[PDB]
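J.:
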RNA sequence: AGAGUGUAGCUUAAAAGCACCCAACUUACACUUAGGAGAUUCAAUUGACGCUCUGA
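Protein chains in written order, with UniProt numbering: chain Y, 48 to 193; chain C, 83 to 181; chain U, 27 to 218; chain H, 34 to 78; chain Z, 61 to 179; chain B, 43 to 104, 116 to 217, 227 to 279.
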């Protein structure tokens with residue numbers, strides 16, 4: 048009841064903040080909160096690309112579990128479409144004929160939100176030390192449309 | 083507009099009679115289970131080493147930040163804030179053979 | 027018109043700021059464990075446990091029995107570690123565990139249960155049936171020595187009285203075969 | 034530390050064979066690439 | 061005797077005289093039999109040295125099967141052979157709980173308590 | 043309040059090759075390739091063996118092998134670059150290409166009047182300038198070459214206490239892109255040194271506690 | 001050299017409960033299923049092993 052000592056004992060929506068907003072076409076990015084004594088970066092991108100698919104998938108799983116274990120939030124994880132590259136082989140003796148062979152390229156993306164600068168440098172070095180064989184890392188910014 | 087490439091092609095349906103055969107024995111399955119047990123313990127060991135290094139490095143950095151805050155009232159304001167040198171940060175992976 | 031609470035509000039200890047840096051219940055059984063943990067506490071509002079006949083249980087109950095025999099838990103723990111290490115040495119046990127085919131010697135675990143922790147289980151069964159409520163007006167004890175009473179009807183079988191069994195009066199026609207361990211310095215009073 | 038993510042399985046369900054070709058880059062550097070049609074050296078110019 | 065009918069929106073239902081309740085820790089598996097007033101009657105847990113020494117890997121499926129067999133024996137010696145098992149769907153589809161219910165039924169202890177008379 | 047203004051830095055170097063693989067991981071890669079073979083289906087080379095030899099027997103009753122032997126020859130003509138640029142040197146501790154499996158940290162020698170110290174390279178910061186700026190400034194002084202050491206953060210790394227007049231030691235780290243080392247025969251004893259050799263070369267407690275925040279690999 | 005001390009990572013747990021790791025499902029995470037390893041530093045509440053802070 049409203050006058051009893053147990054008023055508001057069944058309150059729950061002051062615990063769940065999720066307003067269920069349109070989280071598909073919204074572009075309300077969080078900005079870099081920088082106080083000098085309190086630097087905190089926003090919604091930086093992480094790119095992992097390779098010609099091998101399963102290595103990129105495995106390292107994306109690794110970095111996802113790593114940032115999940117260190118309590119820094121994952122915004123979204125998704126992938127770009129693949130690119131395919133031809134090695135148009137010039138013939139050895141008569142170099143006017145151009146034979147061809149096939150090769151591929153994949154890409155994976157994770158996003159991180161909370162980064163103090165000390166944890167930023169320790170985070171990027173600890174990813175960079177455990178960087179697997181064959182991929183390239185690139186910490187880019189947020190305005191990356193497909 | 084997103085372009086998806088997790089679609090398997092429509093050619094992947096028909097020729098589906100090449101390797102359905104799996105005929106194994108008991109020694110191979112016990113070998114594979116024992117190897118998965120060994121690899122589980124090994125990966126737990128690696129993750130423990132990784133966590134201990136991360137925690138020791140973090141307490142080292144925090145000890146440094148505390149001593150800088152004690153000894154100098156102005157250098158922490160520039161020392162904490164992240165300079166824009168590392169905006170397009172990247173690093174290419176290792177190799178197998180040297181040049 | 028309001029009235030303040032008579033104590034702490036239940037979901038007040040968590041902080042409403044920094045919600046996204048809190049750990050959520052990722053499952054249903056985690057919340058279930060927390061809620062059935064919380065429902066056992068003595069709350070200050072009105073609850074189900076107050077009204078529905080719990081006999082006002084908090085009051086210490088008098089023990090009248092034999093003391094527990096002293097064991098050195100360090101040696102016991104190291105010997106049990108030795109035993110399970112010796113069992114873990116065998117590899118056919120690992121094959122039986124992986125291959126989903128490994129039973130237990132039920133008679134051995136029965137005698138061992140009679141040997142180690144069985145008295146406390148028989149104590150709580152005897153308190154569930156209301157024996158200590160009607161035999162000693164609430165005063166409780168532990169059945170320290172094991173006991174085996176078996177009834178005699180036919181030629182081969184038995185109908186034993188374990189703790190809480192069901193035996194028909196035709197099977198209780200004659201005096202049963204009572205046996206237990208005892209030393210040659212002790213006198214006993216049986217009572218049914 | 035570069036042994037953590039090198040042990041992988043092709044996690045898509047329907048997939049072809051792949052072979053560990055040794056790909057040499059623009060300075061002569063090898064990468065194990067899971068590529069079909071079991072070639073042994075791939076020179077990317 | 062009357063069962064506690066009702067509650068009709070929450071889980072588990074309180075309509076039983078006895079319940080089967082299994083607790084699956086990351087170390088041990090423990091099965092209880094409760095009365096609905098709350099006092100437990102019989103239990104078989106792998107924390108006990110009696111079941112501990114006779115098996116390996118107290119977490120795994122055959123340990124829960126052993127717990128089912130030992131609990132069925134212990135509760136037939138207690139004269140209680142009707143109880144209710146009320147699991148979540150993913151526990152009821154698990155192989156461990158399937159083989160534990162099989163060990164309970166093959167031990168003679170039947171689930172699905174009978175109806176109340178003039179309910 | 044006299045605090046003698048003293049910083050430091052530690053040079054970070056990326057490895058070039060992956061470390062060699064452990065034998066249980068060899069068995070794991072073997073069984074992973076086995077499970078890969080089992081779950082795989084319908085490669086082009088698989089038909090180019092199977093139904094090509096089938097149609098071969100068919101029209102004989104009336116490719117693959119040549120190209121795979123060609124690929125064996127294309128393997129055997131190209132000897133790969135040998136990973137061991139380590140045992141053929143065995144001596145050149147001053148070289149950038151000595152060790153490539155692991156990460157390395159540089160350290161310079163100067164025996165002072167009162168002190169005698171093998172130093173991880175220091176910095177002497179001036180009250181008008183910033184800490185990391187003095188780190189890269191002394192890095193421009195101490196190296197006498199062109200190198201691109203990309204820094205990792207504005208935050209320092211490890212702080213220590215020596216007092217004789228108080229003082230302190232302020233550490234920094236920076237990842238190397240490429241080392242274009244001029245005057246490789248320097249007598250200022252800079253040395254490219256791994257973690258085990260770091261623990262070897264250190265005498266004091268001031269350098270022993272450094273190893274906790276370098277990457278142990 | 002002095003001081004605080006003491007169960008695996010945590011616990012006003014007494015050999016426990018959470019943490020933790022691998023496989024399967026998921027782009028991935030998360031849920032769930034199926035597995036994995038774990039501890040009272042020793043000597044008779046007292047004494048001499050390890051760590052931490054202060055020293056020089």
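All C-beta atoms, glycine included, are put in the ideal place defined by N, C-alpha and C.
1. Report the neighbours of residue 46/U on chain Y: residues whose CB is nearer than 8 Å to its CB, in chain order.
2. Determine the closest residue to residue 277/B out of 148/C, 138/C, 154/C and 114/C, with distance taken between C-alpha atoms.
3. For residue 99/Y, decide whether its Cβ has a neighbour in chain H, counting only Cβ atoms nearer than 7 Å.
4. What three-state label does DSSP hand residue 173/Y in the structure shown?
5. Could you give the first and the last residue of the continuous beta strand (DSSP E) run that contains residue 205/U?
6. Give a yes or no on whether 7 Å exceeds the smallest Cβ distance from residue 143/C to chain Y.
7. Taking the alpha carbon of residue 121/Y as the reference point, which residue from 113/Y, 127/Y and 128/Y has its own alpha carbon closest?
8. With distance defined between alpha-carbon atoms, name the residue in 199/U, 166/U, 168/U and 88/U nearest to residue 180/U.
9. Applying a beta-carbon distance threshold of less than 9 Å, which residues of chain B neighbour residue 111/C?
10. Taking DSSP as the reference, what is the three-state secondary structure of residue 151/B?
11. Do you know offhand how far residue 158/C's Cα is from residue 186/B's?
12. Helix, strand or coil for residue 128/Z, going by three-state DSSP, please let me know.
13. With three or more C-beta pairs closer than 8 Å as the rule, is the stretch 149-167 of chain C touching the stretch 37-51 of chain H?
14. With a threshold of 6 Å (Cβ to nearest heavy atom), would residue 51/U be considered close to the ligand GDP?
15. Quick check on this structure: which residue in 72/Y, 101/Y and 91/Y has the alpha carbon closest to the alpha carbon of residue 158/Y?
16. Once the 5 residues before and after residue 138/B are set aside, which same chain residues still bring their CB inside 6 Å of it?
17. CB-CB under 8 Å to residue 153/B, same chain, minus the five flanking residues each way: which ones, in chain order?
18. Pull up the distance between the alpha-carbon of residue 162/U and that of residue 177/Z, whole angstroms please.
19. Can you pull the chain Y residues whose beta carbon is under 9 Å from the beta carbon of residue 42/H, in chain order?
20. Counting only runs that start and end within the stretch 104-159 of chain U, where is the alpha helix (DSSP H) found for 4 or more residues in a row?
21. Beta-carbon within less than 7 Å of residue 157/B's beta-carbon, same chain only, minus the 5 sequence neighbours each way: which residues are those?
22. So the candidates are 91/C, 127/C, 136/C and 103/C; which of them puts its Cα closest to the Cα of residue 82/B?
23. Would you say residue 39/H faces chain Y, with C-beta separation under 7 Å as the test?
24. Among all the DSSP beta bridges, which residues are the ones paired with residue 241/B?
25. Whose Cβ in chain Y lies nearer than 8 Å to the Cβ of residue 207/B?
26. Kindly give me the distance between the Cβ atoms of residue 94/Y and residue 187/Y, rounded to whole angstroms, as I take these residues to be in contact under 8 Å.
27. Should residue 143/C be labelled buried (16 or more other beta-carbon atoms within 10 Å of its own) or exposed?
28. List the residues of chain H that residue 128/C touches, going by C-beta distances under 7 Å, in chain order.
29. When you compare each of 149/U, 217/U and 69/U to residue 138/Z by their alpha carbons, which one comes out closest?
30. Kindly give me the distance between the Cβ atoms of residue 69/Z and residue 88/Z, rounded to whole angstroms, as I take these residues to be in contact under 8 Å.
31. Using a Cβ-Cβ cut-off of less than 7 Å, list which residues of the stretch 120-138 of chain U approach chain C; keep chain order.
32. What is the rounded straight-line gap between the Cα of residue 216/B and the Cα of residue 268/B?
33. Going along the chain, which residues of the stretch 52-75 of chain H sit with their C-beta nearer than 7 Å to a C-beta in chain Y?
34. Just to confirm, are residue 123/Z and residue 106/Z a CB contact at a threshold of 7 Å?
35. Kindly identify the DSSP beta-bridge partner or partners of residue 55/H.
36. Could you check what DSSP says for residue 82/U in three-state terms: helix, strand or coil?
T.: Quick look at the numbers:
1. Ordered by position in chain Y, the residues that pass the 8 Å Cβ test against residue 46/U are 64 and 120.
2. For the residues 148/C, 138/C, 154/C and 114/C, the minimum Cα distance to residue 277/B belongs to 138/C.
3. For residue 99/Y, the answer is yes, since a Cβ of chain H falls inside 7 Å of its Cβ.
4. Residue state, collapsed to three classes: helix.
5. It spans 203-205 - the beta strand (DSSP E) in which residue 205/U sits, taken as one unbroken run.
6. So, interface residue.
7. Cα-wise, what sits closest to residue 121/Y is 113/Y.
8. Of the candidates 199/U, 166/U, 168/U and 88/U, 199/U places its Cα closest to the Cα of residue 180/U.
9. What residue 111/C touches in chain B, judged by beta-carbon distance under 9 Å, is nothing: the nearest beta carbon there is about 11 Å away.
10. Coil.
11. Put simply, the backbone Cα of residue 158/C is about 14 Å away from that of residue 186/B.
12. Looking at residue 128/Z - three-state DSSP - the assignment turns out to be helix.
13. No: fewer than three Cβ pairs fall under 8 Å.
14. The ligand content of the structure shown is nil, which means the ligand GDP is not present either.
15. Among 72/Y, 101/Y and 91/Y, the Cα nearest to that of residue 158/Y belongs to 91/Y.
16. Closer than 6 Å at the Cβ level, and outside the excluded window around residue 138/B, lie 150.
17. Same-chain partners within the cutoff: 57, 58, 59, 136, 138 and 139.
18. One C-alpha to the other measures close to 34 Å.
19. Taking a Cβ-Cβ threshold of 9 Å, the residues of chain Y close to residue 42/H are 101 and 105, in chain order.
20. The stretch 104-159 of chain U contains these whole alpha helix (DSSP H) runs: 118-124, 132-141 and 144-154.
21. For residue 157/B, the CB contacts under 7 Å within the same chain, skipping 5 residues up- and downstream, are 55, 254, 255 and 256 in chain order.
22. Residue 103/C holds the alpha-carbon nearest to the alpha-carbon of residue 82/B among 91/C, 127/C, 136/C and 103/C.
23. Closer than 7 Å to some Cβ of chain Y, the Cβ of residue 39/H qualifies, so yes.
24. Per DSSP, 200/B.
25. Residues of chain Y passing the Cβ test: 164.
26. The C-beta distance from residue 94/Y to residue 187/Y rounds to 6 Å, short enough to meet the 8 Å contact threshold.
27. The residue is buried, with at least 16 neighbouring Cβ atoms inside 10 Å.
28. Under the 7 Å cutoff, chain H gives 37.
29. Shortest Cα-Cα distance from residue 138/Z to any of 149/U, 217/U and 69/U involves 149/U.
30. Residue 69/Z to residue 88/Z, Cβ: 33 Å. No contact.
31. Listed by position along the chain: 121 and 124.
32. Their Cα atoms are separated by approximately 12 Å.
33. Here the close residues are 64, 65, 66 and 67.
34. Yes, the Cβ-Cβ distance between residue 123/Z and residue 106/Z is below 7 Å.
35. Under the DSSP definition of a beta bridge, residue 55/H partners with 65/H and 74/H.
36. In this structure, residue 82/U counts as coil in the three-state DSSP scheme.
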